[PDB]
Amino acid sequence: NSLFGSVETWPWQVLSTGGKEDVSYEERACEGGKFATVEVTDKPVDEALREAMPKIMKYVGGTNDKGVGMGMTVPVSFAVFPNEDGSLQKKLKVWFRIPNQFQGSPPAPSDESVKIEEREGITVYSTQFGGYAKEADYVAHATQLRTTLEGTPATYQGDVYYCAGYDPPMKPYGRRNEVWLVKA
């Protein structure tokens, strides 16, 4: 006797949404899927980002442990840790989202600098805004959400936030922006 069979799905469930006018927040649960992230310390967000940029590209580029030659297209997001001065100085963690096309069975990490790990059991707040959004905007919206979420049991640590974006546009014109806030 013998048999087999399984599935593969990581849907996200929302607990509730809302917030103040202009800017709204959304509480969702981490799907728990596997993603490729990198760790960069002793370097500024500018260095850690410029260093991780190519580090993550090497994976999807073809430098995989399994030697898979397919390719994936998706926006990458990294975490940041603001300080009392507003400057992001401490640590930087890059997160590369993988498309369902690869999620079905992504290749192993050819390098240690970037490994595929999954994160689940965390609750963050998503806030989307339109109009001209510059680099500083992302840092401002992060704190703006804090006061906007006022009157709620929602907690935070260091006001840490995440930045999601496809690629750096030749101009500051940021029509689309994304900022996630991990509740403490």
# chains A, B, ... in the order shown; residues from 1 in each chain; ligands from 1
>>> residues_around(residues="residue A:13", least_positions_apart="3", cutoff="8 Å", atoms="only C-alpha atoms", output="ChimeraX atom specification")
/A:28-29,31
>>> write_last_selection(atoms="N, CA, C and O atoms", output="PDB file, in the first residue's frame")
ATOM      1  N   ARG A  28      -3.286  43.230  10.220  1.00  0.00           N
ATOM      2  CA  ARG A  28      -3.336  41.939   9.545  1.00  0.00           C
ATOM      3  C   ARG A  28      -2.383  40.945  10.202  1.00  0.00           C
ATOM      4  O   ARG A  28      -1.494  41.331  10.961  1.00  0.00           O
ATOM      5  N   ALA A  29      -2.575  39.664   9.904  1.00  0.00           N
ATOM      6  CA  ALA A  29      -1.733  38.615  10.464  1.00  0.00           C
ATOM      7  C   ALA A  29      -0.756  38.081   9.422  1.00  0.00           C
ATOM      8  O   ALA A  29      -1.127  37.851   8.271  1.00  0.00           O
ATOM      9  N   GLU A  31       1.074  35.945   7.030  1.00  0.00           N
ATOM     10  CA  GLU A  31       0.704  34.706   6.356  1.00  0.00           C
ATOM     11  C   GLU A  31       1.527  33.533   6.881  1.00  0.00           C
ATOM     12  O   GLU A  31       1.017  32.425   7.043  1.00  0.00           O
TER      13      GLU A  31
END
>>> residues_around(residues="residue A:172", least_positions_apart="4", cutoff="9 Å", atoms="only C-alpha atoms", output="ChimeraX atom specification")
/A:132-135,168
>>> write_last_selection(atoms="C-alpha atoms", output="PDB file, in the first residue's frame")
ATOM      1  CA  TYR A 132       3.931  63.222  -3.313  1.00  0.00           C
ATOM      2  CA  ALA A 133       5.804  61.026  -0.836  1.00  0.00           C
ATOM      3  CA  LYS A 134       9.552  61.483  -0.373  1.00  0.00           C
ATOM      4  CA  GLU A 135      12.053  59.404   1.600  1.00  0.00           C
ATOM      5  CA  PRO A 168      14.160  53.825  -6.224  1.00  0.00           C
TER       6      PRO A 168
END
>>> residues_around(residues="residue A:79", least_positions_apart="4", cutoff="12 Å", atoms="only C-alpha atoms", output="PyMOL selection string")
chain A and resi 37-40+45+48-49+88-96+138-139+142+159-165+178-182
>>> write_last_selection(atoms="C-alpha atoms", output="compact mmCIF listing (two decimals), in the first residue's frame")
# COMPACT_ATOMS: atom_id res chain seq x y z
CA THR A 37 15.98 38.27 4.37
CA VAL A 38 19.43 39.68 5.10
CA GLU A 39 21.13 41.01 8.24
CA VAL A 40 23.35 44.09 8.13
CA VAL A 45 20.55 52.23 6.50
CA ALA A 48 23.07 48.18 4.75
CA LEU A 49 20.52 48.81 2.01
CA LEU A 88 17.85 55.38 11.50
CA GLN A 89 21.00 54.22 13.30
CA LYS A 90 21.19 50.73 14.81
CA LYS A 91 20.35 47.81 12.52
CA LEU A 92 18.78 47.07 9.14
CA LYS A 93 16.93 43.92 8.07
CA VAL A 94 16.02 43.46 4.41
CA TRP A 95 13.07 41.27 3.42
CA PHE A 96 12.57 39.92 -0.10
CA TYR A 138 8.06 57.27 4.99
CA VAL A 139 9.78 58.21 8.25
CA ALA A 142 5.64 55.96 10.69
CA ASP A 159 8.39 53.24 16.77
CA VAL A 160 10.07 50.69 14.50
CA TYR A 161 8.53 50.55 11.02
CA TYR A 162 8.99 48.84 7.66
CA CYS A 163 9.44 50.28 4.17
CA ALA A 164 8.00 48.57 1.09
CA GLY A 165 8.86 49.63 -2.45
CA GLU A 178 3.78 51.45 2.04
CA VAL A 179 4.70 51.42 5.73
CA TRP A 180 4.10 48.59 8.20
CA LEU A 181 4.22 49.01 11.98
CA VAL A 182 4.96 45.99 14.18
>>> residues_around(residues="stretch 14-26 of chain A", least_positions_apart="4", cutoff="12 Å", atoms="only C-alpha atoms", output="number ranges by chain")
A: 30-31, 122-131, 140-152, 154, 178-183
>>> write_last_selection(atoms="C-alpha atoms", output="CSV table (one decimal), in the first residue's frame")
chain,number,residue,atom,x,y,z
A,30,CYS,CA,1.5,37.4,8.9
A,31,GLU,CA,0.7,34.7,6.4
A,122,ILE,CA,3.0,38.7,14.5
A,123,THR,CA,0.6,41.7,14.2
A,124,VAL,CA,1.4,44.8,12.3
A,125,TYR,CA,-0.4,48.0,11.1
A,126,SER,CA,-0.5,48.8,7.4
A,127,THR,CA,-1.0,52.4,6.2
A,128,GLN,CA,-1.4,53.6,2.6
A,129,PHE,CA,-1.3,57.2,1.5
A,130,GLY,CA,-1.4,59.0,-1.9
A,131,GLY,CA,0.3,62.1,-3.3
A,140,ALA,CA,7.1,60.8,9.1
A,141,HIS,CA,4.1,58.5,8.3
A,142,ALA,CA,5.6,56.0,10.7
A,143,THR,CA,5.3,58.3,13.7
A,144,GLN,CA,2.1,59.9,12.4
A,145,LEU,CA,0.4,56.5,12.7
A,146,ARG,CA,1.4,56.3,16.4
A,147,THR,CA,-0.7,59.4,17.3
A,148,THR,CA,-3.4,58.3,14.9
A,149,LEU,CA,-3.7,54.9,16.6
A,150,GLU,CA,-4.2,56.9,19.9
A,151,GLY,CA,-7.0,55.6,22.2
A,152,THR,CA,-6.1,52.0,21.4
A,154,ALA,CA,-1.9,48.9,20.4
A,178,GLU,CA,3.8,51.4,2.0
A,179,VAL,CA,4.7,51.4,5.7
A,180,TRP,CA,4.1,48.6,8.2
A,181,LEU,CA,4.2,49.0,12.0
A,182,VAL,CA,5.0,46.0,14.2
A,183,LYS,CA,3.1,46.3,17.5
>>> residues_around(residues="stretch 100-109 of chain A", least_positions_apart="5", cutoff="10 Å", atoms="only C-alpha atoms", output="list in words")
residues 7, 8, 9, 10, 33, 34, 35, 36, 59, 60, 62, 63, 64, 65, 66, 67, 68, 69, 70, 71, 72, 73, 114, 115 and 116 of chain A
>>> write_last_selection(atoms="C-alpha atoms", output="PDB file, in the first residue's frame")
ATOM      1  CA  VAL A   7      -1.460  21.475  -0.421  1.00  0.00           C
ATOM      2  CA  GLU A   8       0.282  24.849  -0.197  1.00  0.00           C
ATOM      3  CA  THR A   9      -1.487  28.039   0.880  1.00  0.00           C
ATOM      4  CA  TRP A  10      -0.742  30.878   3.298  1.00  0.00           C
ATOM      5  CA  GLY A  33       5.219  32.146   4.243  1.00  0.00           C
ATOM      6  CA  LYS A  34       8.941  31.695   3.645  1.00  0.00           C
ATOM      7  CA  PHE A  35      10.962  34.707   2.499  1.00  0.00           C
ATOM      8  CA  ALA A  36      14.600  35.675   1.958  1.00  0.00           C
ATOM      9  CA  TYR A  59      19.595  34.952  -5.107  1.00  0.00           C
ATOM     10  CA  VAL A  60      16.883  35.646  -7.682  1.00  0.00           C
ATOM     11  CA  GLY A  62      20.507  32.623 -10.329  1.00  0.00           C
ATOM     12  CA  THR A  63      23.019  32.179  -7.518  1.00  0.00           C
ATOM     13  CA  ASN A  64      20.810  29.634  -5.755  1.00  0.00           C
ATOM     14  CA  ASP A  65      21.879  26.562  -3.784  1.00  0.00           C
ATOM     15  CA  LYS A  66      19.729  24.326  -5.986  1.00  0.00           C
ATOM     16  CA  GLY A  67      20.830  26.136  -9.130  1.00  0.00           C
ATOM     17  CA  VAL A  68      17.300  27.053 -10.185  1.00  0.00           C
ATOM     18  CA  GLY A  69      17.089  29.270 -13.253  1.00  0.00           C
ATOM     19  CA  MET A  70      13.620  30.809 -13.290  1.00  0.00           C
ATOM     20  CA  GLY A  71      13.336  34.312 -11.865  1.00  0.00           C
ATOM     21  CA  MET A  72      10.836  36.163  -9.688  1.00  0.00           C
ATOM     22  CA  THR A  73       9.398  39.683  -9.801  1.00  0.00           C
ATOM     23  CA  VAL A 114      20.732  35.528   2.785  1.00  0.00           C
ATOM     24  CA  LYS A 115      18.569  32.662   4.040  1.00  0.00           C
ATOM     25  CA  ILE A 116      14.926  31.730   3.471  1.00  0.00           C
TER      26      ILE A 116
END
>>> atom_distance(atom1="atom CA of residue A:55", atom2="atom CA of residue A:82")
23.5 Å
>>> decode(residues="stretch 118-129 of chain A", atoms="N, CA, C and O atoms", output="JSON list (two decimals), in the first residue's frame")
[["chain", "number", "residue", "atom", "x", "y", "z"],
["A", 118, "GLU", "N", 10.59, 31.89, 7.43],
["A", 118, "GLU", "CA", 9.19, 32.30, 7.50],
["A", 118, "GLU", "C", 8.87, 32.93, 8.85],
["A", 118, "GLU", "O", 9.40, 32.52, 9.88],
["A", 119, "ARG", "N", 8.00, 33.94, 8.83],
["A", 119, "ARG", "CA", 7.61, 34.63, 10.06],
["A", 119, "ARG", "C", 6.10, 34.63, 10.22],
["A", 119, "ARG", "O", 5.37, 35.10, 9.34],
["A", 120, "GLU", "N", 5.62, 34.11, 11.34],
["A", 120, "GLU", "CA", 4.19, 34.05, 11.61],
["A", 120, "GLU", "C", 3.91, 34.28, 13.10],
["A", 120, "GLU", "O", 4.77, 34.04, 13.95],
["A", 121, "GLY", "N", 2.70, 34.75, 13.40],
["A", 121, "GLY", "CA", 2.33, 35.00, 14.78],
["A", 121, "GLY", "C", 2.59, 36.44, 15.20],
["A", 121, "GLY", "O", 2.69, 36.73, 16.39],
["A", 122, "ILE", "N", 2.71, 37.32, 14.22],
["A", 122, "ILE", "CA", 2.97, 38.73, 14.49],
["A", 122, "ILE", "C", 1.86, 39.61, 13.92],
["A", 122, "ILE", "O", 1.27, 39.30, 12.89],
["A", 123, "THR", "N", 1.59, 40.73, 14.59],
["A", 123, "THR", "CA", 0.55, 41.65, 14.15],
["A", 123, "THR", "C", 1.14, 43.04, 13.89],
["A", 123, "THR", "O", 1.74, 43.64, 14.77],
["A", 124, "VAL", "N", 0.94, 43.53, 12.67],
["A", 124, "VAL", "CA", 1.44, 44.85, 12.29],
["A", 124, "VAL", "C", 0.32, 45.73, 11.75],
["A", 124, "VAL", "O", -0.78, 45.26, 11.49],
["A", 125, "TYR", "N", 0.62, 47.01, 11.58],
["A", 125, "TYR", "CA", -0.36, 47.96, 11.07],
["A", 125, "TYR", "C", 0.06, 48.51, 9.71],
["A", 125, "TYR", "O", 1.16, 49.07, 9.57],
["A", 126, "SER", "N", -0.80, 48.36, 8.72],
["A", 126, "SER", "CA", -0.52, 48.84, 7.37],
["A", 126, "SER", "C", -1.21, 50.17, 7.11],
["A", 126, "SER", "O", -2.40, 50.33, 7.40],
["A", 127, "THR", "N", -0.47, 51.12, 6.55],
["A", 127, "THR", "CA", -1.02, 52.44, 6.24],
["A", 127, "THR", "C", -0.62, 52.89, 4.85],
["A", 127, "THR", "O", 0.57, 53.01, 4.54],
["A", 128, "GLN", "N", -1.61, 53.15, 4.00],
["A", 128, "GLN", "CA", -1.36, 53.59, 2.64],
["A", 128, "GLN", "C", -1.79, 55.04, 2.44],
["A", 128, "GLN", "O", -2.85, 55.45, 2.93],
["A", 129, "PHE", "N", -0.97, 55.80, 1.73],
["A", 129, "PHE", "CA", -1.27, 57.21, 1.48],
["A", 129, "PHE", "C", -0.92, 57.59, 0.04],
["A", 129, "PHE", "O", -0.02, 57.01, -0.56]]
